Each structure stands twice: as C-alpha cells, then as structure tokens.
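Enquirer:
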Amino acid sequence: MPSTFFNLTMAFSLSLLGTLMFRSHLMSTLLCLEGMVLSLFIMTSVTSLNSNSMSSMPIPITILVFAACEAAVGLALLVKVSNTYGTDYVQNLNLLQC
Amino acid sequence: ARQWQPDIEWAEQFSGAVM
Amino acid sequence: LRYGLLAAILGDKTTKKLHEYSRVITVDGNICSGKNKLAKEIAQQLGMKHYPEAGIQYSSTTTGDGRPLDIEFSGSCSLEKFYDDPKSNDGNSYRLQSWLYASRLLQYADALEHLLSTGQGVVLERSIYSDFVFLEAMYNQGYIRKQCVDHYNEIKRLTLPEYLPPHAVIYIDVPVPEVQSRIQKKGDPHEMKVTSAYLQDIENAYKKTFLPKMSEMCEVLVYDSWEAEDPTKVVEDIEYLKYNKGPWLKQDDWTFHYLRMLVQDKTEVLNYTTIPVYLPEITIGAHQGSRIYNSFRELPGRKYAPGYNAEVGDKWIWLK
Amino acid sequence: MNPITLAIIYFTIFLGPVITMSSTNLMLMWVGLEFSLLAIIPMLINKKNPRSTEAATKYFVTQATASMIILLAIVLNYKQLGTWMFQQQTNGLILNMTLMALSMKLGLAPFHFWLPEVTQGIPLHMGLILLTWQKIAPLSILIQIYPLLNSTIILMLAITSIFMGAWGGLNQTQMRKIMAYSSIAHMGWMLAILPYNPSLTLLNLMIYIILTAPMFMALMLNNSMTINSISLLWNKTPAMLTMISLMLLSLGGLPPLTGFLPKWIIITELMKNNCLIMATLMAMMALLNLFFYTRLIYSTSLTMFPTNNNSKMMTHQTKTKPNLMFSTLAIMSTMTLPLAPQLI
Amino acid sequence: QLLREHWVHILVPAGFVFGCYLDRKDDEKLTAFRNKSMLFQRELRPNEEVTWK
Amino acid sequence: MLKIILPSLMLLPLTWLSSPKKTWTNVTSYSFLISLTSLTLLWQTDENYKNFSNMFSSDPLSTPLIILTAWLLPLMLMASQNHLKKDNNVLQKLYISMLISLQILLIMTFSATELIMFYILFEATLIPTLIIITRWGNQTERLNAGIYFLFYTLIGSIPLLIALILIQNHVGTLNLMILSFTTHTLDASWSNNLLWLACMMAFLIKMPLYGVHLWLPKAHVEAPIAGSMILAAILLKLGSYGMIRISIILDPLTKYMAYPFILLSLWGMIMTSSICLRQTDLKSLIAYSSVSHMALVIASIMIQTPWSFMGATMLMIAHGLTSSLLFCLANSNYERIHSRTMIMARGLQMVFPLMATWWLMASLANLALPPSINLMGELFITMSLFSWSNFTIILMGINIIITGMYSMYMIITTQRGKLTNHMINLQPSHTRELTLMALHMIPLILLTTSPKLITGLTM
Amino acid sequence: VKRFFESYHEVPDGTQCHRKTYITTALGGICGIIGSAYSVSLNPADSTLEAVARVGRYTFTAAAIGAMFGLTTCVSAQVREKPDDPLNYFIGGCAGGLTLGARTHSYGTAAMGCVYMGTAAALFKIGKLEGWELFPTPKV
Amino acid sequence: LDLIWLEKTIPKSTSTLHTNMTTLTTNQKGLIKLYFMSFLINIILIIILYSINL
Amino acid sequence: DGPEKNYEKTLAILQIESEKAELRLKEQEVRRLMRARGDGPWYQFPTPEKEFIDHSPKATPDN
Amino acid sequence: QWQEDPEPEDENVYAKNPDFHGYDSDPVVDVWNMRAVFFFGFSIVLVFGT
Ligand SMILES: Nc1ncnc2c1ncn2[C@@H]1O[C@H](COP(=O)(O)OP(=O)(O)OP(=O)(O)O)[C@@H](O)[C@H]1O
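Chains as they are written, first to last, in the entry's author numbering: chain K, 1 to 98; chain D, 1 to 19; chain O, 1 to 320; chain N, 1 to 344; chain f, 4 to 56; chain M, 1 to 459; chain Y, 3 to 142; chain L, 553 to 606; chain h, 81 to 143; chain g, 23 to 72.
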C-alpha cells in the first residue's frame with residue numbers, strides 16, 4: 001500500500017511532467033491529463049477501500065465525470081484549432097504576443 | 001502663441017504593439 | 001421598450017414578418033444611367049420604400065431636424081471641388097470617398113433596421129458593395145495616394161462581412177459617350193468637367209469586379225437603357241426570381257436578432273470607420289476638431305440628447 | 001447564442017464559485033472551479049477567430065493542470081488524515097502545491113504569462129468576468145486556509161506579481177493587457193496580506209472589481225482597445241474623461257481616492273508583523289504601476305490627440321450604452337475614502 | 004421674484020453660518036474639563052451655570 | 001477653521017451654477033472674503049495654541065501659511081483671466097475648481113493635527129497641479145514636467161508613509177501635540193537613521209534640495225501661471241512646515257544626519273544663484289532663485305534654533321509673495337511677446353514705467369533689502385549659521401553678491417536699454433495686472449510694518 | 003543544506019575569508035542557474051550549444067560577482083577592523099557591480115549596479131544586525 | 553551638473569533601468585511550451601525551497 | 081470667548097487621543113496573544129463538526 | 023497636410039472698448055469686475071484686516 005501509493009504519485013508526477021513539457025501536438029497533452037485523472041482516481045479508490053470509507057466512494061465517479069467533460073471541451077477546442085490551421089500543432093498558436 | 005496639442009509624430013509612437 | 005433579447009423571447013421575431021417582397025434590392029450604374037427613376041417605380045410597384053443615394057448628407061437628414069448642416073459638420077468635403085480640382089493637396093477626394101462609404105454604410109444599416117423590424121422591403125441604389133468603384137477610378141488616375149486605398153479596404157474589411165448582401169442587384173449599363181452627353185444635358189457646370197477615362201474605369205470596375213463576386217451570392221439583372229425605361233418590365237422580372245444562392249438562406253431568428261442589435265446601434269456600426277489610422281487626408285487636428293465639436297453642440301436641437309432640449313420645445317424634462 | 005444556452009451557461013458561471021463558497025468538502029470546491037472553467041470557454045470562443053481559439057486553448061490547458069494539482073493535494077490530504085478538509089497538521093508540500101495551483105488559476109507571477117494573452121484574445125466582456133468573477137472562488141480557497149500557508153512563497157509570489165505587472169504594463173499599448181497586468185499586481189497585494197487579516201484581501205478585491213468593471217464599460221462604449229482608440233474620446237463621448245481619470249488614479253493608488261486605502265492598510269498590517277522591507281518594495285513599485293496610468297490619462301484627457309473626419313457621424317447620432325451602474329461604481333470608487341473606517 | 008440669477012450669493016454666507024454652527028457643535032462636544040483644569044477651576048458665580056459654553 | 005473650509009467648498013457651486021458672464025467676479029469677491037475671515041485665527045492673545053477639534057489646530061506657523069493660501073486664490077484667479085478667456089466656459093470652471101481644490105487641501109494640510117491627514121492631503125495636492133500644468137500649459141515639455149514633479153514627490157513620500165505607519169505602531173496616536181510631550185530619545189542606530197531619512201527626504205525633495213531640484217524649473221517654466229504662483233509660494237513651504245513638525249521626534253539624530261543636507265543646501269544655493277546669473281529663460285531664473293532661497297530654509301531647519309526657525313518662517317512667506325510677484329511680472333510680458341527669452345524684450349520702462357516700479361520693488365524684495373521681511377529672515381538665519389559655524393558667512397556673502405547681481409541684471413536687461421522698436425504689440429497695461437502687483441506688494445509692506453505675526457513657533 | 007549558508011555567520015567578517023568567499027560564489031552560481039533556466043526556457047537559443055553557452059556565461063558571471071563580493075567584504079573587514087560596519091558590504095556590492103560591468107561591456111551598468119548592489123548589501127548587513135525578519139511568521 | 557549629470561544619475565538611470573527590465577521581461581512569444589517549461593521550473597524551485605527551509 | 085475654552089478643550093482632546101493610543105497598543109498585544117494561543121474569541125480556527133458523527137450500533141463491535 | 027486651423031494672429035483690445043481694464047470683452051463686465059476687485063480687495067480686506 002505505501003509502495004503502490006508512492007508509485008501512483010510518481011505516475012501522476014510523470015503525467016504532469018508530460019503535460020507541462022509540450023511537444024508539437026496537443027492531443028498528447030490531453031492524454032497526459034487523462035492519465036493524471038486516472039492515477040488520482042486509483043489513489044482515491046484505494047484509500048477508500050483501505051479505510052472502508054464507503055461514504056467517500058461517490059468521489060471518484062465525480063472525478064471521472066468532470067474529467068471527461070474536460071476532455072470533451074478540449075477536443076472541441078481541438079476541432080476549432082484544426083479548422084483554423086489544419087494540423088493540430090501548438091506552435092502555430094503564436095499571434096497573441098503581438 | 002497657441003496651446004500645443006499632439007501631432008501625428010507624437011501619436012505614431014503609441015501604435016507599435018510594444019511601445 | 002427598446003428591442004432586445006427580452007423582446008425576441010416575448011415573440012418579436014423576424015421570420016414571421018417576411019412574406020415575399022422582403023428584399024434588399026440595389027440598383028447600380030454609372031454617373032447618369034436612370035437609377036432613381038427606376039428605383040422609385042420599383043418601390044411603388046412591389047411595395048418597398050425608396051432609399052435614395054447616400055450623399056454627403058444622410059446622417060444630417062436622418063438626425064435632428066433633418067436639415068443640411070454646414071459643410072464642416074457634415075464632413076469637410078465637396079463633390080464640386082472634386083470635379084474642378086481632383087488632384088488637390090488638400091485631400092478632398094478621399095475625405096469625400098470615405099465619408100460617402102460611411103454614409104452608405106449607415107444607409108444600409110437603417111435599411112436593415114427597417115426590413116427586419118417590419119418585413120417591408122427596401123430599394124437602395126449604389127450600396128456599400130459598389131462604392132469601391134469610384135476609389136479604383138480615383139487611384140487609376142493620380143487622384144489618390146495608395147495609402148488611402150489601404151485605409152479604405154481595411155475599413156471595408158472590418159465593416160462589410162457583418163452585414164448581409166442584397167438579394168438581387170440591378171446594374172443598368174450605358175456606354176461612356178451616352179452618359180457623357182447625358183451629363184452635358186443635365187445642367188451642372190461641375191459634373192460637365194469630368195473626364196471619360198474616369199467613367200470608363202468606373203465601368204470596368206463594375207463589370208469586372210462587382211458583377212461576378214455578387215453573382216456568387218446575388219441575382220444580377222443586367223439591363224440597358226431601352227430595358228431600363230419601362231420599370232414595369234424590370235419589376236415583372238424581379239417578381240419571378242428564385243432567391244437561392246446566398247447567405248440569407250442559412251439565417252435563423254437569432255442570427256437576425258444579433259444583426260438587428262448590431263444595426264440598432266449606429267455607434268457600433270460606425271466604430272471601425274473612426275479608427276486612428278493617421279492619414280493626413282482624414283485627420284483634422286485637435287484645435288479644429290474641438291472648434292467643430294463645440295460649434296456643433298451650440299446648435300438648435302443639439303447640445304443634449306434629443307428629448308432633452310427645452311430650447312426647441314421639449315417638455316416634461318424634469319421627469320424623463 | 002439562443003436564450004436557453006445563455007441561461008445554462010451563466011447559471012453555471014454563477015454556480016461555480018457559489019458551490020465553492022458553500023462547501024466544506026474540498027472536492028465540491030474543485031467541482032465549482034471546474035464549472036467556472038467549463039462554462040467560460042463557450043463565451044471566450046464565441047466570435048470564432050484564431051485569437052479566440054488560442055485564448056480558449058491557453059486558458060483551458062493552463063487551468064486543467066492547476067485543477068489536477070489541487071485534486072492531488074486533496075487526495076493526499078484524504079490519504080493522510082481521512083478527511084476532505086485541510087486541517088492543521090497537514091503537509092506543507094500539499095499546502096504549497098495547492099497554493100501554486102491556485103496562483104496558476106488566478107494569474108499570479110511567475111504563472112502570469114497566460115492572462116494578458118488570453119485577455120487580448122477575447123472581447124471586453126469575458127475580460128471583465130475573467131478578471132473579476134473567476135478570481136473569487138480561487139481566492140476563497142486561500143481565505144479558508146489562511147493560517148496554514150507558508151508566509152514565504154506567499155510573499156515571493158506577491159512581490160513577483162507586483163514587479164512583473166508593473167514592468168509589463170509599462171510598455172503595453174493595448175488596454176486589454178494593461179487590465180491584465182493590473183489584475184496581476186492587485187492579486188499580488190491581496191496574496192501578500194492573505195495570511196494577515198484576510199478581510200483586507202476581500203477589501204482589495206472589492207475595490208479592484210469596482211474600479212475595473214466601469215473601466216471595462218468605458219472601453220466598451222466605443223470598443224476602445226488601444227491608446228489611440230481611447231484617445232479619440234474627447235470627440236466621441238467626452239463626458240467620461242473625468243471618471244476615467246479619477247478611476248485610473250484610484251487604480252494606481254493615490255491618497256484622496258479610495259484606491260489608496262487597500263495599499264495603506266495592507267502596509268499597516270504588514271508593519272504590524274515586521275514585514276517592512278517587502279512592503280517598502282511593493283509600495284515603491286506601485287509607483288511604476290501608476291506611471292502608465294498617468295501616461296494613458298495624459299493621452300486621453302489632458303493632451304487631446306488628433307481625430308478623424310468620420311468621427312462627426314458619431315456626433316450626429318445618439319447613444320444608450322451607459323448602464324446607470326457605471327456612474328454608481330465610478331463614484332463609489334474615487335470618493336469613498338472618508339468612509340474607510342466603515343470599510344476596513 | 005423674476006429671473007433669480009442672484010440667489011447664488013447665499014451659498015457662501017450659508018457655508019460660513021454652517022461652519023460656525025459646526026464649530027459651536029464641536030466645542031459643545033468637548034465640554035470636559037470645563038471647570039476642572041488646575042489653572043482656573045473657579046467656583047461658579049451666583050448666576051452662572053457654565054463657564055465658557 | 002471649518003468656517004474657512006466650508007465656504008471654500010461652497011465656492012465650487014458658486015462657479016458651476018453662476019452665469020458665464022458673472023462667474024469670475026462672484027468667485028473672486030467671495031475668495032477675497034474667505035481671505036478676510038481667515039484672519040480670526042490671528043486672534044492669539046495667549047501662549048497656548050488654537051485647537052478647534054481633534055482634526056484641526058492652528059499654531060503661529062500654520063496661520064501665516066493658511067492666510068497666504070486663502071489670499072493667493074483671488075490673485076491666481078485674476079492672473080488666470082487673460083489666457084483661457086477664449087476657452088469654453090466649462091474649461092474655465094474646471095480651472096477654477098482645481099484652484100479652489102488646491103486652496104482647500106492646503107488649508108487642511110497646514111491645519112492638520114495628525115501626520116497621516118497631512119500626508120494624504122500633501123499628496124492630493126499633486127492632482128490639481130498636474131492637471132493645471134498639463135491641460136493648460138502652452139508647450140510640449142509640460143508632460144515630462146508633470147511626470148518629474150509627480151514622481152520625485154511620490155518617491156520621497158512612500159518612505160514617509162512607511163515611517164509614519166511605524167511611528168503609529170510604536171506610539172499609537174501620530175498626533176502632534178502628543179508626540180511633542182511624549183518623545184523618547186533615539187538609540188542612534190542605522191534602523192533610526194533610515195527613519196530620519198524616510199521622514200525627511202520627502203519634504204527635502206519638495207523644498208527642494210540642490211541634489212534633487214530638476215522638477216521645479218521644468219514645472220515653473222511650463223505651468224501656465226497660477227500653477228507657478230502656487231508651486232513657488234506654498235508647495236515648497238509645504239515641505240518646510242513638515243520638517244518643522246516632524247523634526248521634534250528625531251532628536252538627537254539631527255545633530256549628525258544634517259551635515260550632508262546643510263552642506264548640499266549651501267553649496268547648491270551658490271550653484272543655483274550662479275546659474276541665475278547666466279540663464280536665457282526668465283521663468284527659469286525665478287525658479288533657480290527659489291531653489292537658492294529655500295536652501296537657506298533647509299539649512300535653518302536643520303540647525304533647529306529659535307532664530308533659525310524664525311528666519312525660516314519669515315523667508316518662507318516673503319519668498320512666496322515676491323516670487324509670485326515676479327512670475328506675474330514675467331507673465332505680463334509673456335502674454336504679449338509669447339516668449340520666455342528675456343533678452344528678446346529689453347528696453348521697457350518707456351512703455352511700462354509703472355510696472356517697472358513693481359519690477360524694481362519685487363527685485364529689492366528678492367535681494368537683501370533691510371526694511372523687508374526678506375532680509376530679516378536671511379539675516380537671522382545667517383546669524384544662526386554663524387553661531388553654528390563662523391565659516392558659513394563666507395558662502396552666504398557670495399550668495400548675497402550673486403543675488404544682487406542676477407536681480408539687477410534681470411531688471412536692466414529687461415527694462416533698461418533701448419526699446420525694441422519692432423514690438424508694436426506692447427499694449428499699454430491692464431488695471432487687472434497692475435492690481436495684481438499692488439496686492440502682492442502691499443502685504444510685504446504691511447508685514448514689514450508688523451513682523452510680530454510673521455515669526456513662528458519660537459517668538 | 004541550509005547549514006552551509008548559515009556557516010557565513012559562524013564568525014564575523016575579516017575572518018575565514020576563503021570560506022565566506024566561495025560560499026557567496028556558490029550563492030551567485032545558484033541564482034545564475036535560475037536566471038539561465040528562465041532565459042533558456044523563455045527566449046530560447048537557436049541551438050542547444052548556444053543554450054549551454056548562455057548558461058555558462060550567466061553562471062560564471064554571477065559566480066564572479068559573489069566571489070568578488072565575499073573577497074572585498076572580508077578584506078575590508080580585516081583591514082580597518084570593523085565587522086559591524088555596512089560600508090564593507092557597500093564596497094563589496096560596488097566590486098560586484100564593477101565585475102558585472104566588466105563581464106558585460108558597459109560602464110553605465112557598472113555604475114548602476116555598484117550603487118544598487120552596494121545599497122542592497124548595506125541594508126542586508128543592517129538587517130542582519132538589527133533583526134529584520136523578512137518573510138516573518140504572523141504575530142500581530 | 554543640472555542639465556547632464558543630475559539628469560543622467562537620478563532620473564535617466566531610473567528610466568533606462570526600468571524600461572530595460574521591461575524589455576527583457578515582457579518580450580515573450582505566445583507559446584504555451586515555454587510558459588509551461590517555466591511553470592515546471594517554478595515547481596522545482598518551490599519544492600527545493602520547501603526541502604531546504606523545512 | 082476666552083482662554084479657558086481653548087485650554088480645557090485642548091485638555092479634552094489630549095485625554096481622548098491618549099486613551100486612543102493606549103487602546104491601539106492594547107489591541108496589538110491582545111491580538112498577539114490571541115493568535116499565539118487560541119484562548120480567546122478571535123483566531124479560533126475551525127475544527128471538524130461533532131454532530132455528524134454516527135454513535136449508533138454498527139455492524140461490528142470494535143468500530 | 024493634416025487639416026488643422028492656423029494660428030489666430032495677435033489680438034488688440036483697445037480698438038474695441040479703449041476703456042478696457044483686463045477682464046472681459048463686454049465693457050460692462052470689465053467695469054463690474056474691477057469695481058468688485060478694488061472694493062473687496064482693498065477697501066474691506068486691506069483696510070479692515072489691518
Ligand atoms: N463614392 C463616390 N465617390 C465619388 N463620387 C461619388 C460617389 N458616389 C457618388 N458620387 C457622385 O455623386 C453624383 C451622384 O449622381 P448619381 O449617379 O447618383 O445620379 P442619380 O442622382 O442616381 O440620378 P442619375 O443617375 O439620373 O444622375 C455623381 O456625380 C458621382 O460622381
């Protein structure tokens with residue numbers, strides 16, 4: 001349990017490192033966000049099953065709900081980005097500095 | 001004689017996006 | 001109750017108002033071709049209202065007492081001075097051109113405010129989609145420096161797409177000598193002293209640019225003089241048009257609503273014309289501008305909002 | 001947008017923070033922050049241009065990471081203590097990560113790089129909401145946990161926000177970025193005192209909102225977005241220069257206007273705790289915050305710029321836009337210092 | 004009572020009267036040590052109720 | 001005091017609600033009456049000073065500044081009447097409102113009991129001055145001038161706020177009567193020397209010191225006139241008053257934290273008067289003379305002796321009157337030639353033989369003429385400095401020499417000589433601008449006839 | 003380790019000059035690495051080699067700053083024996099500003115940095131001496 | 553003194569310093585890659601400061 | 081009016097401001113003690129709610 | 023050029039109303055301004071104040 005919680009926190013940190021350190025595409029960033037969601041889910045679920053706190057077990061479903069809504073609007077923004085520029089790259093989004 | 005108000009050379013310096 | 005989202009929700013929608021002749025229709029042509037005589041009869045026959053050509057004074061007529069103002073309020077421009085001196089250093093030419101674009105723009109806005117409010121159709125003549133013709137004519141001559149063209153095209157870029165185009169356009173053509181002799185038989189010392197290349201460049205601009213790009217969105221009805229006379233035949237052609245091929249088809253009640261709101265506010269209409277691009281032909285200096293503004297707010301009917309002028313005869317001013 | 005959609009979206013925007021206040025669970029707190037996130041993007045992206053798409057993407061992608069970090073802090077607290085509330089005897093790393101993510105949400109330096117960009121990419125409204133109403137729940141988190149925050153990064157971030165907002169607004173000709181850097185500086189002043197009598201943080205917040213909202217209205221009345229566009233105001237609507245001047249001189253805090261009260265009383269409560277030189281630095285960079293406001297109000301109110309020929313049409317026509325709240329909010333700013341003991 | 008372009012001459016005298024009234028109100032507010040200072044402290048004269056008002 | 005600053009507020013509706021043709025007259029006459037009713041607070045039959053409330057007080061240092069501030073307003077208002085006569089009526093009235101705001105705020109400053117009241121008002125004075133300098137200046141350097149004049153002040157004044165806040169957190173009241181009777185000797189540490197500097201280097205900027213004076217020429221040269229009157233007459237004295245009030249809580253640090261500032265004042269006074277000896281611009285010549293005068297006030301307040309504070313008060317008032325007078329005299333020619341260059345017009349006293357007497361008297365006020373409250377101040381602070389150190393008269397004498405020189409040179413190269421025959425636009429004179437100089441000079445004569453009033457805390 | 007930098011105050015100035023010297027050098031190097039990470043992330047180089055060169059220049063510059071600072075402070079405290087004297091820190095800050103304007107070819111940078119860093123270091127000593135606790139815990 | 557050196561020392565030094573800091577500060581380019589790299593640097597500095605101060 | 085008015089009004093103002101100073105410093109030390117130790121009404125930071133605990137019989141004894 | 027008005031040339035007053043005092047264009051207002059100034063400034067202030 002402490003082992004797997006350490007590992008899950010390191011996994012969160014890896015996915016956070018990922019979504020911070022960008023590459024060309026944006027879809028990969030959204031996937032890193034989904035991975036952070038998933039690690040947080042598993043942490044919450046394991047704490048709830050360990051402590052036998054069945055009152056908090058409605059929390060991870062809420063996490064999944066709101067994370068999926070987040071993914072939805074991100075993907076809609078991606079649709080708009082492609083309709084504008086055509087190729088998903090995050091380097092073409094460099095005209096607000098001026 | 002007359003009060004001085006700005007001119008185009010004075011205004012053009014406020015149109016460069018970064019000043 | 002000023003129009004707004006509340007009214008649209010209550011049920012002052014737009015698609016209920018359109019019946020068949022709820023149509024923005026513009027008649028175009030060269031300097032003397034028979035536009036007003038034709039537009040007037042179209043409006044009579046079909047049930048629209050005639051919106052005459054927007055000159056130097058449309059804002060003045062549709063504001064206040066509806067009179068002409070001194071030329072320093074309604075611009076700083078004269079058309080006579082353009083005909084008798086087209087290459088002035090004093091930039092009367094582009095000043096006039098831009099003032100007239102803005103006047104046509106406000107004209108089109110008033111038209112659309114009337115159409116969507118009432119459903120009644122509107123006949124214009126030489127709208128904002130056909131004003132660049134004279135600019136191109138001036139620029140092919142040495143009557144404009146190219147920076148003014150960039151100014152005009154930027155303002156057009158900012159103002160034009162917000163509005164819907166006309167359904168049909170009616171470009172009546174006349175050859176250049178015919179219109180020139182017609183000008184001679186018009187009775188104006190100033191229009192008489194205009195060239196023929198100016199008119200031919202107007203015609204070239206029309207036929208090349210204005211006709212096809214509007215045939216991509218509108219129903220063109222090119223006629224000639226012998227066809228332009230007897231408006232009833234032009235009307236009888238308009239009556240049987242299939243009004244497809246345009247952006248009017250993809251309009252909902254809420255697109256009409258937001259257009260109606262953009263058009264109900266003339267300041268949002270004309271904002272992108274008052275940009276601070278500092279051309280010497282358009283800038284008027286702080287001292288002169290302040291003198292004009294003070295002298296304008298020291299006129300009858302001005303100095304306050306419309307209803308709040310007791311010097312005119314307004315009343316219940318302490319209770320509005 | 002049809003009316004059903006506007007009802008839904010504005011209800012969601014209003015309920016994000018409201019859920020955030022009236023919630024003891026940190027997770028429903030997170031839920032409220034995510035409603036604020038989700039519902040803002042439609043109206044950011046409403047005009048459908050590349051600038052709006054970029055603004056919305058930057059906002060979304062910066063706020064999602066902060067949200068995930070807050071959720072991590074919450075889950076680590078739940079593992080540690082088996083509760084959904086940041087007690088005492090929590091880990092300073094959890095609390096500091098929460099603070100970092102909340103600073104990224106607000107827009108504080110060195111997490112400030114997105115706010116001026118996003119603000120320039122969106123209309124005057126959606127800058128007002130973004131800078132005023134979205135700041136209220138993220139601040140509520142800190143206000144609810146003020147005796148648990150480390151008093152060191154809380155001040156380094158404030159100082160960085162002060163300095164960087166001043167220096168960024170020094171050279172911005174665009175007004176939508178001036179407002180953003182002003183937000184950064186004022187959030188700095190707030191966050192500096194937040195561990196010290198957080199009532200003053202809410203004071204500065206209310207003062208800042210009451211100053212910014214009418215300023216945004218002023219920009220809205222002619223869609224002014226540049227020094228050269230606000231300079232053509234001695235012709236279009238010249239009855240507003242008085243209030244614009246006093247509001248700018250309240251924003252850059254000068255004494256006789258009530259915008260000096262928050263800085264003054266903040267310095268007071270900071271000198272009551274031997275936080276002296278930090279307050280000195282802050283008070284000395286607020287002057288640079290004032291400098292560009294002074295430049296602006298020169299440009300619009302004292303040294304009337306050249307105008308155009310086509311601006312006389314605006315004089316012909318009439319207006320209706322001042323909502324009758326611009327007056328109240330501009331006069332309750334700039335003239336409410338003698339009522340300061342009733343404000344505190 | 005026609006064309007009162009001269010009523011404005013009452014504003015400054017009104018301000019003076021009001022200011023004198025307010026100073027009177029203040030020194031009514033500060034009627035402590037009225038006869039308790041170690042320097043004067045006189046007993047009240049036979050027809051006296053307050054010493055300086 | 002309330003009876004002085006409520007009518008001053010009522011002067012604003014008097015402006016806005018009056019006719020365009022009967023607004024300068026009414027406000028001018030009523031301003032003269034405010035000045036009249038500002039003499040009740042010269043009824044000091046006793047040693048104890050005049051407390052009207054927790055807010056307001058009035059000592060013999062407050063009262064002359066109060067009266068002078070209330071008295072300048074009609075003079076500013078009449079001097080401001082030829083220019084902005086062709087301005088729109090609202091613009092006129094805005095000018096009037098700014099001047100009256102200056103009056104009110106400055107009275108509140110000199111009447112204040114606490115230091116924070118004095119701070120917020122000392123800083124509120126910046127906004128009218130900046131507006132006057134910028135919207136009504138004639139040239140384009142007015143903007144940089146406003147920036148300088150604002151930010152020198154704010155840079156100096158933020159530490160002042162920090163020090164006042166510290167003193168409140170340490171003592172509890174920040175009121176001047178209580179800080180007088182409860183002042184602990186200071187431990188003589190760097191933490192208190194910084195406090196001294198924070199308390200002083202806001203006022204020393206405004207007086208000004210010679211190290212920092214570049215705001216004052218740029219503003220005097222570019223403010224229309226009335227801004228120049230005020231900036232020469234009471235905004236500089238708004239620093240001396242503050243020093244005289246705040247120095248009481250800084251003993252014994254003034255014995256050694258004052259050497260640099262006395263020294264800067266003395267040497268830079270010589271430097272400034274030498275500049276006045278050689279300066280193309282008349283409105284700058286007056287300004288550098290003001291620096292060379294206020295430097296003596298700096299040194300005097302630093303010495304903190306009775307003679308010294310006394311002479312400081314005398315020099316304050318005298319310099320204010322005569323400097324406003326000289327700025328009026330230069331504006332009188334600037335309203336015709338529209339040039340500040342002095343050697344342009346250099347042969348007057350033909351056309352203006354009466355103004356040329358006001359010129360002479362204004363200069364004799366400026367240089368050390370004995371039967372005058374200028375020489376009384378200069379002499380008494382010279383005597384204080386000689387007691388302090390006998391080697392300061394070597395500098396004061398150089399100043400006296402140069403100060404005769406530049407003043408008489410001003411008079412000569414402006415009035416005496418051959419008339420500039422190419423100036424048909426030299427209109428004869430204005431009764432208005434003659435009454436101005438009379439109202440500046442008649443007070444000097446009266447105060448010379450009775451300087452018992454014009455002294456300060458110490459006499 | 004915080005104790006490393008706390009070793010700067012185990013003994014007064016004028017004593018243990020090399021210790022304090024390369025402590026301050028390490029401190030400058032740390033601050034330079036921070037500035038370099040920021041200048042390499044924002045406004046990045048055209049190539050990784052030039053990025054490395056940027057890091058090296060910034061780090062060695064700030065290291066030299068700290069080294070000259072510590073040398074000057076402990077020397078001017080050994081000479082003119084006066085540990086409790088912020089003029090030593092002023093002279094050290096001026097030496098740092100001089101090295102800043104030497105490594106970076108500018109006399110104006112030299113003077114500006116001399117004044118600013120000297121005053122900063124003077125205030126640092128005054129606060130370390132009188133007990134100015136920046137980032138203080140809340141007390142009221 | 554007054555027209556060059558007192559202008560070069562006190563005011564113009566201030567102006568040049570603040571405007572040069574402005575230039576090297578706010579001349580950013582609109583790339584979330586670089587902003588987020590800096591955010592990562594801040595994460596690292598905050599955790600290091602925590603581990604050190606403690 | 082006379083000198084007694086000014087003298088005694090000054091005395092009133094002095095006692096007022098002296099009392100205010102006393103109370104300001106007292107408030108400072110009071111806030112200091114209340115925050116350093118939560119003995120007082122102020123700076124009593126919140127604790128978990130007691131009434132939402134379940135005291136009923138559970139499914140296991142050793143709850 | 024940028025369409026500003028030119029400088030209005032040097033006004034002379036005493037052509038119109040050669041009894042001009044320094045206050046206004048209307049000859050009545052100048053009189054009732056100088057009388058106001060002289061009276062309220064000399065005759066009451068500088069006399070009764072002394
Ligand atoms: N945009 C423009 N730029 C320059 N001149 C213009 C512009 N629009 C109109 N004009 C001028 O205004 C005049 C308007 O005449 P117009 O072509 O409207 O005739 P009409 O009134 O419609 O009737 P008819 O066509 O029978 O003369 C023309 O002489 C034309 O040169």
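Ideal Cβ placement from N, Cα and C applies to all residues, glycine included.
List, in chain order, every chain g residue whose beta-carbon is nearer than 9 Å to that of D/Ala-1.
Expert: Neighbours of D/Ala-1 on chain g, chain order: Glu-29, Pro-30, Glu-31 and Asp-32.
Enquirer: Assign L/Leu-586 to buried or exposed, taking buried as 16 or more other Cβ atoms, counted over all protein chains shown, within 10 Å of its Cβ.
Expert: buried
Enquirer: Where do the N-terminal and C-terminal ends of the beta strand (DSSP E) with K/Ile-61 fall, by residue?
Expert: For K/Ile-61, there is no enclosing beta strand (DSSP E); the residue is found in the alpha helix (DSSP H) stretching over 58–85.
Enquirer: Is O/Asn-36 near ligand 1 - that is, is its Cβ less than 7 Å away from at least one heavy atom of it?
Expert: yes
Enquirer: From O/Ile-202 to O/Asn-30, what distance separates their C-alpha atoms?
Expert: 7 Å
Enquirer: Report yes if the CB atom of h/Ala-92 is closer than 8 Å to the CB atom of f/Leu-47, and no otherwise.
Expert: no
Enquirer: In terms of alpha-carbon separation, which member of M/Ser-387, M/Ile-248, M/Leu-264 and M/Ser-324 lies closest to M/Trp-307?
Expert: M/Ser-387
Enquirer: I want to know whether the stretch 16–31 of chain N touches the stretch 136–143 of chain N - three or more CB-CB distances under 8 Å.
Expert: yes
Enquirer: Along the chain, where does the alpha helix (DSSP H) containing K/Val-37 start, and where does it finish?
Expert: Annotation for K/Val-37: the continuous alpha helix (DSSP H) segment containing it runs 27–51.
Enquirer: Shortest alpha-carbon distance to f/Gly-18 belongs to which of M/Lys-3, M/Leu-17 and M/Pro-20?
Expert: M/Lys-3
Enquirer: Taking only three categories from DSSP, how would you classify O/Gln-184?
Expert: helix
Enquirer: How long is the line joining the alpha carbons of h/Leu-113 and N/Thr-160, rounded to whole angstroms?
Expert: 32 Å
Enquirer: How is N/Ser-36 classed by DSSP in three states: helix, strand or coil?
Expert: helix
Enquirer: Along the chain, where does the alpha helix (DSSP H) that runs through K/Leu-14 open and close?
Expert: 2–20
Enquirer: Hey, is O/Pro-306's beta-carbon within less than 8 Å of any beta-carbon in chain N?
Expert: yes
Enquirer: Quick check: is the beta carbon of N/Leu-302 nearer than 8 Å to any beta carbon in chain M?
Expert: yes
Enquirer: May I ask you to report which of helix, strand or coil DSSP gives O/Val-179?
Expert: helix
Enquirer: Can you give me the C-alpha to C-alpha distance between N/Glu-34 and N/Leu-200, rounded to a whole angstrom?
Expert: 27 Å
Enquirer: Which bits of chain N does M/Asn-138 rub up against, with CB to CB less than 9 Å?
Expert: Result: empty, since nearest Cβ-Cβ is about 12 Å, beyond 9 Å.
Enquirer: So which residues of chain O does D/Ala-17 contact, with C-beta pairs closer than 9 Å?
Expert: Result: empty, since nearest Cβ-Cβ is about 14 Å, beyond 9 Å.
Enquirer: If contact means a Cβ-Cβ distance below 7 Å, which residues of the stretch 207–236 of chain N contact chain D?
Expert: Here the close residues are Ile-227 and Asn-228.
Enquirer: At a cut-off of 7 Å, would you count O/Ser-59 as near ligand 1, judging by its Cβ distance to the nearest heavy atom?
Expert: no
Enquirer: Would you say the beta carbon of O/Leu-79 comes nearer than 7 Å to a heavy atom of ligand 1?
Expert: yes
Enquirer: Are there 16 or more other CB atoms within 10 angstroms of the CB of Y/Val-13, so buried, or fewer, so exposed?
Expert: exposed
Enquirer: Between the Cα of N/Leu-37 and those of N/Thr-62, N/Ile-277 and N/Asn-25, spot the shortest distance and give me the residue it belongs to.
Expert: N/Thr-62
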